[PDB]
Structure formats: C-alpha cells, structure tokens
4 protein chains.
Amino acid sequence: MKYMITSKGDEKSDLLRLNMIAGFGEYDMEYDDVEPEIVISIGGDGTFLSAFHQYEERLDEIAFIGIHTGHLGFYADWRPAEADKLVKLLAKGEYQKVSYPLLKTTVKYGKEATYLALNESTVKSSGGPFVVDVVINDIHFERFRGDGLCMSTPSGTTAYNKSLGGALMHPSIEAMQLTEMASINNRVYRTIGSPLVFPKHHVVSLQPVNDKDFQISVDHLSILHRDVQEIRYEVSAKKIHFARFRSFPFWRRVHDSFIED
Amino acid sequence: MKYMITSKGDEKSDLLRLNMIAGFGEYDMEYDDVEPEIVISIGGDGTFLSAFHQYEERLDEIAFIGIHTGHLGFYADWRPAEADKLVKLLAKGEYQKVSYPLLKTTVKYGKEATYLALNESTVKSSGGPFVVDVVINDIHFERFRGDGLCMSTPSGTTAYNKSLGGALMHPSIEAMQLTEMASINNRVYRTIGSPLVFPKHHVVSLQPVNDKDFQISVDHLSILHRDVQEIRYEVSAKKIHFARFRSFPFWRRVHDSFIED
Amino acid sequence: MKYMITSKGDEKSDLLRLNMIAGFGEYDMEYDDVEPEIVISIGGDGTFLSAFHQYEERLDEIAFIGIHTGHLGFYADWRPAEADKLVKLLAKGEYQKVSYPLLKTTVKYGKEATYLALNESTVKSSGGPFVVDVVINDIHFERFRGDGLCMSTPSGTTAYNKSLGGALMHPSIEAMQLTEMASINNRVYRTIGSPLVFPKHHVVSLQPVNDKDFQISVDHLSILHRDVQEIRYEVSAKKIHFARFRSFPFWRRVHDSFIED
Amino acid sequence: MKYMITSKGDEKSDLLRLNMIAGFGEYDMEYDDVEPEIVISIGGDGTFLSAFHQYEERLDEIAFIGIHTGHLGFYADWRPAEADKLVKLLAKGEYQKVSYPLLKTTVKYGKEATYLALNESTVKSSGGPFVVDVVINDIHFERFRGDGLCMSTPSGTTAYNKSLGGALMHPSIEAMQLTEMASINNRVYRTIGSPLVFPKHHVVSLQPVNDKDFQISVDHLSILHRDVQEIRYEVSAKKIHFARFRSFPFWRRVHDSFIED
Ligand SMILES: [N-]=[N+]=NCCCCn1c(Br)nc2c(N)ncnc21
Ligand SMILES: [N-]=[N+]=NCCCCn1c(Br)nc2c(N)ncnc21
Ligand SMILES: [N-]=[N+]=NCCCCn1c(Br)nc2c(N)ncnc21
Ligand SMILES: [N-]=[N+]=NCCCCn1c(Br)nc2c(N)ncnc21
C-alpha cells in the first residue's frame with residue numbers, strides 16, 4: 001500500500017521516520033504523501049492533528065497511526081520501541097480498523113464554510129462581550145453570556161473539554177459535548193451550566209445577538225470570522241479510521257495520562 | 001387494556017385519579033394494578049419513581065405515563081389539563097412508545113443482589129472514610145477517596161448527577177455516567193475528577209479497600225449493605241417504555257425546568 | 001463641596017443628571033469635574049468603573065456614589081427614586097464614608113507600568129499557549145498552563161471572579177483572590193485548581209516561560225503588553241471611598257443580584 | 001515549663017515520643033498532661049486535631065507543635081529528623097508564637113451547645129432531604145437544598161473545604177468560609193453556588209424548614225443532634241497558638257502537599 005510519515009521536526013522524530021522508511025523499503029510499500037492508505041504521525045497529539053487535517057479530504061481511504069516520541073498521547077499512543085514491529089504488521093496488512101466520531105462545524109455569512117474537528121471547535125468573542133442564543137433542534141435553549149463555548153468530540157473530551165469541567169466520553173459513543181467558558185449567571189441572565197451531550201443528528205446552533213464577529217477555532221486552527229450569521233454543530237457523518245495493532249483501552253489511556261504511569 | 005393509576009396521596013392527585021378512572025370507565029379499559037399494560041403516575045417525578053420500581057419486574061409489558069400536579073417533572077411531564085385527552089388516546093391505543101436506558105447495579109457478598117435504577121445509584125461510606133478501588137473492564141482505574149460516587153442513567157443526569165457537576169445526556173444514548181462526591185486530591189492521592197461516560201457492555205466495578213460496609217442507594221431507596229465485596233455498574237439490558245402522546249423534547253424539558261418557564 | 005456627575009449617555013441617565021445638577025444648584029455646591037470631592041455615576045457598574053479610573057489619581061479626596069438606572073449594581077446600588085434625597089444629604093455633608101481594598105498590578109519590561117483595579121486584573125496569552133510560573137512571596141508555587149489567571153479585589157469577587165468558580169469575599173477583608181481559567185492538569189502538569197486568597201503585603205508574581213507577550217486586562221481596559229518580564233499582584237495601599245447614606249449590606253446586595261428580587 | 005506528648009499509637013510515633021521525653025529529661029522540663037504549656041503531637045494532622053480538642057479549654061496557655069511521622073501535614077509539619085532540635089529550642093523557651101483563627105459553632109434546642117473547630121464544621125441531614133434557610137446577619141440570604149453545608153476555618157480551607165471547591169485562605173486572615181455540598185438548582189430553587197468568605201463578627205445562621213434533626217460534625221467528631229432550632233457560625237474570639245521554631249510558609253506548605261515534593 002501507499003504510505004507517508006509526518007514528523008514533529010525535531011531530531012529523534014526525523015530519525016525515527018527515516019528508520020521506518022528504510023524498514024518499509026524491505027517490503028511491498030511505496031512512499032506517497034498524495035494518495036496514501038496509511039498515515040503515520042511521529043511526535044505528539046499535535047503532530048497527529050496536523051496529519052489528520054492534512055488528509056481530511058480522504059478519511060475513508062486512510063488508516064491513521066500515531067507514535068509519541070515524548071509523553072503519551074491519546075492519538076500518538078504507541079511507543080517508539082514498537083516502531084520496528086509496527087512496520088512489519090503494517091506491511092502484512094490484514095489488521096483491524098477502529099473509527100472515531102468527528103465534529104461538523106458550519107458557519108453562515110450574509111456564504112457557507114464547513115469544517116471537521118478531531119478534538120473540538122470553540123467560539124469566543126472578537127474583543128467585545130460574547131453573547132449568543134443557543135438553539136437546539138430549532139428550539140431556543142438559552143442565551144449564553146460569558147467567555148465562549150466549546151463543542152467537543154468524544155476523543156476530544158480529554159483535551160480542552162476536560163479543562164472546562166466537561167465529562168470524558170468513550171469514543172465509541174457517536175455524540176458531541178458542549179461546555180461553557182466562564183458563564184455569567186445572575187438573577188436576570190441564566191445558563192444551564194452543566195455540560196450537554198448530544199447524540200447523532202442533533203443540531204446545535206449558535207446565533208448572534210449583537211456583534212457578528214467571532215473567534216472560531218477548530219482543533220489547532222483558529223480564524224476570525226466576520227459578519228457571522230449562524231454556527232451549526234452536529235456529529236459528522238465522516239469518521240477517522242485508526243490502524244489497530246495491539247490492545248490499548250481508552251480508559252487505560254486515560255489512566256496513564258492523568259492518574260499514574 | 002388493563003391499567004392502574006398511582007397518586008401522590010394529596011387531595012388534587014387523588015381527585016384527578018378518580019376522574020381518569022371515571023373517564024376510563026367510558027371505554028374498553030379494565031382497572032388492574034397486578035397485570036397492567038398502562039401505568040399512570042399522578043404527582044411528581046418521585047411518584048413516578050415509585051410506580052417504576054413497583055412494576056420493575058414487568059417493564060417490557062407496560063407503557064408508563066406521568067402527570068405532574070405540581071411543578072414540571074422530567075418523567076411526570078404532562079399537565080393535568082391534558083388528563084381528559086390522555087384518557088381518550090390511551091383508550092384508542094395505537095400510540096408510539098419511547099424507551100430509556102436503565103442502570104444495573106450488582107452487589108456481591110461473602111451472595112449477590114441486583115437492582116435496577118431509573119435515575120442513579122450512589123455509594124457512600126457507613127460512617128467511616130470512603131475508600132474504594134475503581135475497576136473499569138477488569139483494569140484498575142483509580143483509588144477513589146472522598147464522600148462517594150454516583151452512577152447515573154441518561155435521564156437521571158438531570159437529577160443528583162447534575163448537582164455533582166455531571167453532564168446532561170440525551171436519553172437516546174445508551175450509556176451511564178459516573179460522578180465524584182468531594183474527592184480528596186493531594187500529591188499522593190489522585191482521582192480523575194472529570195465525570196465519566198460509559199457505553200453499553202462497559203462494566204464499572206467498585207472494590208473495597210478497608211471497610212466493607214457501604215450505604216448504597218438506588219433511586220429513592222437507600223439500604224446499608226454489610227460485608228460488601230464488589231459493586232458492579234453497567235447499562236441494563238432492560239428498558240423503560242413511555243407512552244408517547246405528543247411532542248415534548250428532552251432539551252425543551254431541560255429548558256423549562258432550569259432556564260425559564 | 002465641588003462635585004461632578006458622569007452618565008451612561010442614554011436618555012434617562014442624562015435627564016437624571018441634569019435634575020440632580022438643578023437640585024444641587026439650590027445648595028452650596030459648585031460643579032467641577034477637575035477637582036471634585038464627590039463623584040456621582042449614573043447608569044451601571046460599568047459607568048461607575050469609568051468614573052473610578054477617571055479619578056484614580058485622587059482617591060483619598062473623593063467619596064463615590066453610584067446610581068443604577070437599570071438593574072441593580074454592586075457599585076451603582078441606589079435607585080433613581082432616591083436621587084432627590086441623595087442630593088440633600090450630600091449637600092449637608094456630615095455623612096460617613098466606607099472604604100474598599102484595591103488591586104495593585106505591576107508590569108516590568110526590559111521599564112515599569114503600575115495599575116489600579118476596582119474589580120480584577122486578568123492575564124491571557126497573545127495568541128499562543130499561556131504558560132507562566134507563579135511565584136508567591138519569592139517562592140515558586142506552580143507552573144500554570146491554561147487560558148489565564150484572574151486576580152480579583154474583594155468587591156470584584158462578584159464579577160469575573162464569580163464566573164471562574166471563585167469565592168465571594170466581604171469587601172471589609174483587605175485581601176485579593178486568584179482564580180484559574182481552564183487549567184490543564186495531567187500526570188506531568190499540575191495546578192492547585194482551588195482559588196487562592198492572599199492577605200495584605202503578600203506579593204503574587206507571574207513570570208514568563210516562553211512568550212513574553214500577554215493580554216493584560218485591568219477592569220474594563222485591556223492592553224497587549226510586549227516583552228513582559230514580570231507581573232506583580234498585591235493589595236493596594238490606596239482605597240476607594242464611598243459616601244454611605246443608608247444601609248445596604250453587601251450580602252443583601254449579593255442576595256438581590258443572584259438569588260431573588 | 002510543663003509539657004506533654006500525644007502519639008498516633010503506632011510503633012515509630014511511640015518511640016519518637018519516648019525519645020523526646022528522654023531528651024526533655026536533660027532539661028528543666030516537667031512532664032504534665034493536665035496543665036501543660038507545650039503540647040506536641042506525633043503522627044499526622046488527625047493526631048494533632050485530637051490534641052487540640054483535648055486541650056481546647058486552655059488554648060491561651062499552650063503552644064502547639066506537630067510532628068509528622070508519615071506524609072507532610074498542615075499542622076504536623078515538622079520532620080522527625082528535627083525532633084532532637086525541637087527539644088532543645090523548646091527547652092530554652094524564648095520562641096515566637098503564631099495564632100490561627102477558629103470556628104465557633106452554636107446549636108440551639110427547645111438548650112444551647114457551643115463548639116470550637118480547627119478545620120471546619122459540617123451540617124448534613126439525618127436521613128431525609130437537607131433543607132435549611134441561610135440567615136446572614138439576621139437577613140435571610142437563601143434557602144439551601146442539597147447534601148449539606150461546610151463552614152471552614154482559614155487553616156481548614158486545605159481540608160474538606162478544598163474538596164468542595166472552596167478557596168484556600170491564608171490563616172492570617174481572621175475569617176470563615178462557607179461551601180455547598182451538591183446543591184440542587186432549578187428554576188424554582190436557587191442557591192448562590194459560589195463559596196462565601198465572612199469576616200469577624202459576621203454571624204451565619206442555619207434555620208430548619210422541616211426536619212429538625214441534623215448530622216452536625218466538628219473536625220473529626222460527628223454527632224446527631226435532634227430537635228435543632230438554630231445553628232450559628234461565627235469566627236471565634238479564641239485562637240490556637242503554635243510554637244514557631246523555623247520558617248515554613250503556608251503557601252510553601254500548600255505547594256509541598258498538592259503540587260510536588
Ligand atoms: N486546554 N487544553 N488542552 C490542550 C491539550 C493538547 C494535547 N492534546 C491534543 Br493536541 N489532543 C488531545 C486529546 N484528544 N486529549 C488530550 N490531550 C490532547
Ligand atoms: N440532588 N438532587 N436532586 C433530586 C431531584 C429530585 C427530583 N427528580 C427526580 Br425524583 N427524578 C429527576 C430527574 N430525572 N431529573 C430531575 N429531577 C428529578
Ligand atoms: N464575566 N463577567 N462578569 C462581568 C460583570 C459586569 C458587571 N459588573 C461590574 Br462592571 N462590576 C461588577 C461587580 N463588582 N460585581 C458584579 N458585577 C459587576
Ligand atoms: N475531605 N477531606 N479531607 C480530609 C483531610 C484530612 C487531613 N487533614 C486534616 Br485532619 N486537617 C487538614 C488540613 N487542615 N488541611 C489538609 N488536610 C488536612
């Protein structure tokens with residue numbers, strides 16, 4: 001199969017990449033970063049995020065693999081000492097795949113721009129106060145007033161969603177979680193406060209009240225959008241496919257990253 | 001069909017019950033509180049909880065309906081003014097049903113006792129300090145130290161789970177959420193802190209460390225269990241079936257109860 | 001005495017201002033917005049904040065008064081219906097004063113800039129990730145990693161400090177409170193998480209780790225500072241003096257704003 | 001001076017106690033556990049709590065010292081390796097003292113019982129639902145509905161108060177902090193949610209609404225009180241006096257216990 005390898009850019013990740021290319025050169029494996037069926041990221045979860053968005057147009061044709069040359073990552077979750085064994089079983093093929101849900105973010109202008117997120121998408125205010133009306137399935141739910149909102153993927157719950165008090169969902173649950181950032185709550189302004197978990201086909205809409213410019217982020221990318229009229233959140237029909245080669249449970253992956261290792 | 005009606009016991013709930021029995025007497029409807037196919041609770045969510053556990057041995061043969069004579073409830077969510085229209089469309093039959101996930105709680109002794117919960121099951125310490133080892137899918141996850149733990153159903157997320165910082169899940173998501181109660185976290189003792197959402201077939205086990213007596217609650221019921229050896233939490237294969245007669249979205253039901261009405 | 005009146009700028013606040021000037025014209029009261037001893041703000045807490053920072057160079061010579069033409073404010077906490085009675089007892093003089101603590105914020109460059117805050121001062125990152133070392137009384141306390149930090153005055157605890165989970169302090173306590181914004185906590189990075197309350201003379205220092213550009217806010221004002229080397233927080237020796245004319249307890253003021261009114 | 005030493009009861013704490021008595025026997029130091037001026041606790045913070053309440057009738061005549069034979073404590077905060085140096089400088093006298101605020105808890109029946117707490121006092125419900133009206137300085141503040149309340153001393157903020165989201169106050173601030181336990185908040189029932197910090201002479205009163213039986217705890221002690229009519233919280237006029245022998249800042253003590261050591 002075709003393959004390619006991204007690297008964090010530091011010394012050890014580049015050297016581990018060339019070592020796997022040399023190991024791949026001993027098999028029926030052609031290097032190709034244009035039409036690959038296997039994408040390997042070496043470095044961290046951020047390096048994996050770049051590899052995902054780099055090939056987010058062909059998600060159904062790629063099995064992703066992450067190698068962490070630093071601390072353990074939730075996507076780059078295979079030690080460098082297992083690089084040589086990764087190459088062989090990848091070269092055989094006939095491995096099983098695992099798929100995670102993704103977040104679909106739509107932005108409408110007075111024009112439309114859609115995005116896909118592996119971790120989360122956030123909405124903050126371009127300087128001024130952040131005020132939006134939250135619409136769930138065409139029903140007005142609340143008028144949010146604070147620092148912003150964060151809609152997280154299941155696997156993204158361990159990232160920014162966790163710092164905002166959100167819960168950690170197992171990535172086999174096709175859903176999305178919304179969390180609040182420093183919400184103002186007084187006798188006249190009311191937010192739900194609790195994080196919200198939405199199943200598939202549930203559409204969460206954010207609609208402006210005053211300023212129509214929001215700082216919208218999607219994973220690592222963050223762009224200021226002007227004259228915004230609506231932000232639509234829903235579980236994406238597209239999924240990301242990992243190459244499963246051993247057994248590393250998500251809760252074990254959560255334990256090693258936050259409890260002890 | 002056979003039917004029965006429970007009442008909160010106050011004046012208006014009893015009078016609304018006799019009015020529906022009289023309205024039911026004008027149809028092919030026999031009253032029977034032993035083998036009913038339709039159970040109506042009048043009062044509040046607590047009155048509905050009693051009706052559920054009263055017929056929790058025959059959940060697949062009953063469509064539940066809740067009427068709130070007081071404030072809006074998440075299970076008793078139909079106004080008394082709609083009692084006369086409930087009777088007629090219930091008498092016709094040919095309504096659609098909706099099903100919610102339930103929580104299965106297993107307790108092992110040096111003997112076994114299983115339970116079903118509509119909202120949540122909690123574990124606290126019988127006087128002394130609460131210490132348990134949390135085991136997720138036979139893998140040790142953490143050693144919890146605090147006031148206790150709460151495993152909530154999807155519909156139960158709006159109850160005790162909400163007061164503990166847990167997220168609100170849509171009841172169409174077959175899952176269960178675990179929350180922490182006043183967990184102690186220092187340089188040597190570590191808990192995850194974030195709430196955890198577990199899909200079906202995921203088994204969460206609580207195992208004692210010192211004292212084997214815990215105050216285990218299941219919905220409104222709470223019993224002190226002695227010489228406890230294991231507490232097993234998992235999404236139940238059994239479900240509760242409501243009688244759907246109009247359109248009352250869960251998020252609309254959340255809005256009316258916490259934001260404004 | 002000399003006096004001046006600021007107004008929110010809308011119709012009713014301007015008309016209430018001219019009405020008090022006319023009422024003041026019936027006494028030994030000269031209007032002067034350069035050297036006043038009594039400053040009246042009409043509008044809201046934001047209008048009061050502007051009046052404070054407008055005369056923050058002469059705080060020991062001014063008694064402040066706030067009138068809310070909208071909802072109740074914690075500084076603008078006197079109804080417009082009491083405007084005519086405010087004018088008379090202000091004209092008599094011989095009222096008692098009440099004083100609140102202020103926050104002193106120092107910023108050092110490779111040059112020094114000091115500021116005074118009535119509510120709080122916040123530190124966020126200019127685009128990139130926010131990382132600082134927190135130094136309390138010259139002892140390294142923690143390496144913070146997240147969205148930012150907020151040091152609040154006692155009276156400022158009801159503002160942004162409250163949205164960040166901070167506690168509400170009575171303004172008679174000469175202290176300052178620090179709160180965290182979306183702090184990242186994993187097995188390798190650790191923050192205290194709890195808000196911290198510091199007495200007088202306690203100096204809290206924030207020191208950069210990578211980027212030396214921070215978005216530093218002080219009350220409503222927010223300015224991007226570049227090549228920052230240190231941010232020093234401490235309870236200010238200066239205080240703000242209100243003109244006490246009735247009895248409005250802080251906890252009563254908290255009750256009317258968040259519980260019910 | 002007279003002195004006495006309490007011990008956790010395990011082997012090393014008893015042996016360290018007899019070693020200090022033998023070291024004290026080489027000075028003008030008489031052992032006396034009835035009228036001592038110096039009390040030494042060996043073990044942990046719990047052992048120190050027992051020593052405090054054991055001599056809480058003569059707090060103005062005693063300088064307390066805590067030795068931790070296990071992990072670092074906030075009261076037992078001197079290593080066993082410094083036991084021999086503690087004995088000598090204690091025998092010289094002429095050390096400086098440091099004093100911490102205490103919590104005064106009053107309970108009224110249809111009779112009165114007062115208590116002193118070094119960490120905190122908690123109020124929970126004897127089985128049924130916990131509902132109280134919170135009265136601050138004779139003004140009704142809120143109707144609390146949840147699991148209970150916790151009023152903490154400044155030094156007690158690092159204990160149970162920290163697990164409940166409360167802030168950490170420096171013990172030089174004569175104040176008390178109130179925190180909420182799993183408070184229920186819906187459209188009809190409202191709590192402040194934020195922790196509250198009260199200065200001296202501020203009296204916080206809890207008054208029953210239905211059940212007059214509460215599980216009231218004071219530090220380690222916990223007693224069920226029946227037919228309760230009022231619970232009064234205020235900063236105590238009495239203080240605890242430690243024997244200062246080196247320099248161990250409270251924030252350094254917080255750092256070593258929660259961040260790293
Ligand atoms: N706030 N904040 N947090 C930033 C986390 C950055 C590292 N990181 C990435 Br990039 N993705 C994940 C993920 N899915 N889970 C956990 N950490 C992750
Ligand atoms: N802590 N605490 N909270 C007690 C809530 C009691 C009322 N109540 C019942 Br009973 N069941 C539900 C439910 N599913 N959602 C919301 N309120 C509910
Ligand atoms: N986040 N956020 N919150 C902004 C609050 C703005 C209104 N406001 C002002 Br301006 N000052 C105070 C104060 N001291 N207490 C309460 N509200 C206040
Ligand atoms: N929940 N819960 N937490 C129990 C803490 C028990 C140990 N411990 C004692 Br006993 N007193 C203190 C104190 N003042 N600070 C920190 N830990 C303390």
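These values consider heavy atoms only, across backbone and side chains, with no hydrogens, waters or symmetry-generated copies. Chain letters run A, B, ... following the sequence lines, proteins first and then strands; every chain starts at 1. Ligands are counted one by one from 1 in listed order, and the atoms in each one are counted from 1 as well.
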Who's the nearest protein heavy-atom neighbour of [atom], and how far?
{"atom": "atom 18 (C) of ligand 4", "result": "D:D45 OD2, 3.8 Å"}
{"atom": "atom 2 (N) of ligand 4", "result": "B:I184 CD1, 3.4 Å"}
{"atom": "atom 1 (N) of ligand 3", "result": "C:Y160 CD1, 3.2 Å"}

Least distance between heavy atoms, D:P171 atom then D:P154 atom: CA-CB, 3.6 Å
Quick check: do [X] and [Y] have side-chain heavy atoms less than 4.5 Å from each other?
{"X": "B:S183", "Y": "B:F144", "answer": "yes"}
{"X": "C:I192", "Y": "D:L168", "answer": "yes"}
{"X": "C:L118", "Y": "C:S155", "answer": "yes"}

Could you check whether any heavy atom of B:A182 sits closer than 4.0 Å to an atom of ligand 4, since that is the contact criterion I want to use? no
Going by heavy atoms, is B:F48 under 4.0 Å from ligand 2? no
Examine the proximity of ligand 4 to B:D147 and report which part, side chain or backbone, both or neither, has a heavy atom under 4.0 Å away. neither
Counting only heavy atoms closer than 4.0 Å, does ligand 4 sit against the backbone of D:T158, its side chain, both, or neither?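 For D:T158, the contact with ligand 4 is made by both the backbone and the side chain.
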Against heavy atoms of [X], which atoms of ligand 3 measure under 4.0 Å?
{"X": "C:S163", "result": "1 (N)"}
{"X": "C:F74", "result": "15 (N), 16 (C)"}
{"X": "C:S155", "result": "14 (N)"}

For ligand 2, the portion of B:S257 having any non-hydrogen atom under 4.0 Å away: neither
Which residue is it: D:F250, D:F52, D:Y100? I am looking for the one with a ring-ring contact (aromatic ring centres under 6.0 Å, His included) to D:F242.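 Exactly one pass, corresponding to D:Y100.
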Quick check on atom 16 (C) of ligand 4 - does any protein heavy atom sit closer than 4.0 Å to it? yes
Does the protein place any heavy atom closer than 4.0 Å to atom 7 (C) of ligand 4?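 For atom 7 (C) of ligand 4 the answer is no, since every protein heavy atom stays at 4.0 Å or beyond.
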Counting from 1 in the order shown, the ligand 2 atoms closer than 4.0 Å to a non-hydrogen atom of B:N119 are 9 (C), 10 (Br), 11 (N), 12 (C), 13 (C), 14 (N)
Quick one: which ligand 2 atoms are inside 4.0 Å of a heavy atom on B:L49?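 That gives atoms 10 (Br) of ligand 2.
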Should the ring pair C:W78 and C:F248 be called parallel, tilted or perpendicular, given that the plane angle runs from 0 to 90° and is split at 30 and 60?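 Rings of C:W78 and C:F248: tilted, as their planes differ by 30° to 60°.
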Test item: C:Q177 side-chain N/O and C:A167 main-chain N/O as donor-acceptor pair under 3.5 Å: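 Yes; judged by distance alone, with no hydrogens or angles, the pair exists.
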Output yes when a side-chain donor or acceptor of C:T179 lies under 3.5 Å from a complementary backbone atom of C:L164, and no otherwise.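 No, the answer is negative, given that no donor and acceptor are paired below the 3.5 Å cut-off.
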Geometric cation-pi criterion, A:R145 with A:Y189: 6.0 Å, 45°: yes
Could you tell me whether B:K162 atom NZ has more than 12 heavy atoms of other residues or ligands within 6.0 Å of it?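 Counting other residues, nucleotides and ligands, NZ of B:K162 exceeds 12 neighbours.
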